[PDB]
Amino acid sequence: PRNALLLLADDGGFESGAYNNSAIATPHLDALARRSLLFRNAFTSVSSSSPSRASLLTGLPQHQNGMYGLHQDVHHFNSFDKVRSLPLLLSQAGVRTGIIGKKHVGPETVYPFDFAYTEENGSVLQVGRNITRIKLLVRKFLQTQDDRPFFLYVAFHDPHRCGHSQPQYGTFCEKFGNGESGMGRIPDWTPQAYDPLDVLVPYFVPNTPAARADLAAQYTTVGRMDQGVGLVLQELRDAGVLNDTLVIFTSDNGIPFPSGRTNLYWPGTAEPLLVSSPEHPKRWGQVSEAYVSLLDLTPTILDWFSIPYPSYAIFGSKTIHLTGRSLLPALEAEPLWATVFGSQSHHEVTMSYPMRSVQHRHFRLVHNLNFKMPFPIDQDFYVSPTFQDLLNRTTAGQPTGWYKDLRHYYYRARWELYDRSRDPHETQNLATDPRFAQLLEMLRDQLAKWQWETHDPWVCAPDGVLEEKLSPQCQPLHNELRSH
């Protein structure tokens, strides 16, 4: 019987030897990468936890599945009842499903799991960061197997920040379980300290002491996550099912720094992705240049279990189809896929800054629907040392060491067009350059077509109103905003 394992890092980036970061040690991820096809050009469709996890587990963009923003307490976003998620479809096909760690999506009927240990019935600290607890839960899952195939979803909470919720464990909870007084112990974890002067400062992160300290703490926590991956894989090896299991590792969104999480800039949507098939080792240890999306995961896993996507509608007769594709074929031969999309509406319920993006190879186009208002900052990131430092220096009128300034971070153009082959930092907007008018129109057309195809309620915003029963379906408001 075929099995599947989805390892999901929380706010994880490219901090690994597998992705050529020699400043950090991630031997277990590196080991996995040698048995995997590594993707250099993978992206999430949305840079917000719940929406990203909902899209990943449905194959549908947030504006289609209904997770327009964060799921918990006051934010309270849920996917539509009639949505058919991966786990649901797997269960109906006779596959045993399990989740360990951060779920952060609902409702339960849409995202059901036979075996569940999450924040809903326990501590996300334990089942998300305590890799020993995680390892034992994986062991229990495998011991209680019953001849059915399985799908195991391990959603680490590492390397997510902790500064807002639990500061006593460090900015990235890098102190939790380290053995020191009040921290407790995680027997299977060997803490890895990092010097702030040795960490790699990403181009979009301010080069300041405060930021480097943040990164050092992050590195330590990523190491814990790395060791967690090692333990999990070892449990399958001990149960004798690893060689029958498709393993996938990735992250839900960009790292929690400026221009990262919550942005549709490269840093906010670019994600690590490893795919290891025991049946297709031809391209083990290789790197793929194909442009892929987390919207491809549901299709990939369905393909793995030979389960077809059913024909159904959420509203009316509007039949639902996936825009992603199975990545399995890439495990045999390199494809030429070059296009990926992005869609984000809310993060927190108070943060309404819808963005839509399309990327064709190195060209990225972002549409900021509420561009005239300032880009909103979430409550957790606001208190990060990195942002506090940036805010402090900006307010004092002193050099920030940042590749942008807050003014331009807050107030953006409606359309942002970048060529990352020339301008990887995405600082040279080409949208108003007449030499790129034809390319702009092409990308706009591709984006709009995808929006209609995926029933985006925001498809006419902000210059127009959606009127389905007439033509054109987007009717103009004449609100001093251009239309297309």
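From 1 onward, residues are counted along the sequence shown.
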Practice item. Averaging only over Cα atoms, indicate whether 256-264 or 122-130 has the higher B-factor in the PDB entry. Key: 122-130
Exercise for review: State which stretch shows the higher mean Cα B factor in the entry: 137-145 or 73-81.
Suggested key: 137-145
Study note, to complete from the structure: Reading the B-factor column for Cα atoms of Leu369, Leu200, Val383, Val340, the highest value belongs to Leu200
Exercise for review: Could you check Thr26, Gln451, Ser55, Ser48 and tell me which one carries the biggest Cα B-factor in the deposited entry?
Suggested key: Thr26
Check your understanding: By the record's CA B-factor, is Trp284 among the lowest, middle or highest third of residues in the chain?
Key -> highest
Review point. Thinking about Cα B factors across the chain, which third does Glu174 belong to?
Key: highest
Review point. Looking at the C-alpha B-factor of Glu467, is it in the lowest, middle or highest third of its chain?
Key: middle
Practice item. Using the B-factor values recorded in the entry, state whether the Cα atom of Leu32 falls in the lowest, middle or highest third among the modelled residues of its chain. Key: highest
Review point. Ranked by Cα temperature factor within the chain, is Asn41 in the lowest third, the middle third or the highest third?
Key: middle
